Amino acid sequence: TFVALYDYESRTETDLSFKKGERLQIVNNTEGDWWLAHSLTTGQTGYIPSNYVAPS
Amino acid sequence: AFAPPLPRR
């Protein structure tokens, strides 16, 4: 379970924009600066920035 | 206040 350290405001329909306090399920993340998480509310997918989230 | 500038993909 990861947490949004900053309110990610995506601009395209590929990544989901999340605010601070919202949690996201990290999928793949071990190098690229952009990871892909999956929300647990509706169940959507979106590449979340690796600088707007942190393990917690 | 301003989050870090999104890195380049």
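Structure determination for this PDB entry is given in the record as solution NMR.

Under the annotation held in the PDB entry, chain A carries the name C-SRC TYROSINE KINASE SH3 DOMAIN and is attributed to Gallus gallus. Here the entry title, as the record gives it, is "TWO BINDING ORIENTATIONS FOR PEPTIDES TO SRC SH3 DOMAIN: DEVELOPMENT OF A GENERAL MODEL FOR SH3-LIGAND INTERACTIONS".

Before going further, it helps to examine the interface of chain A and chain B. Taken together, the contact between chain A and chain B spans 10 residues of the former and 6 residues of the latter. Taken together, the two surfaces of chain A and chain B that pack against each other cover about 730 Å², and 66% of this comes from carbon and sulfur. A per-residue breakdown of the area chain A buries against chain B is headed by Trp34(A), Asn51(A) and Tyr52(A), which together make up 58% of the total. Along the contact surface separating chain A from chain B lie 1 salt bridge. Residues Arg9(B) and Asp15(A) are paired through a salt bridge, measuring 3.1 Å at the closest nitrogen-oxygen approach. Residues of the side of chain A that touches chain B, tallied by class, amount to 6 nonpolar, 2 polar and 2 charged.

Procedures and definitions
- Numbers given to residues start from 1 along each chain, in the order its sequence is written, and need not follow the entry; residues that have no coordinates are not shown.
- Note on labels: chains are lettered from A, ligands numbered from 1, in written order.
- Side-chain numbers come from the whole structure's heavy atoms, not from hydrogens or water.
- Throughout, a residue-residue contact means that at least one pair of heavy atoms, one from each residue, lies within 4.5 Å.
- Buried area: the accessible surface (1.4 Å probe) lost by two parts on joining, summed over both.
- Criterion for a salt bridge: a side-chain nitrogen of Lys or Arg within 4 Å of a carboxyl oxygen of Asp or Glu.
- Ten residue types, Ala, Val, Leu, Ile, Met, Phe, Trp, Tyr, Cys and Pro, are classed as nonpolar, four, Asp, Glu, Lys and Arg, as charged, and the remainder, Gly among them, as polar.

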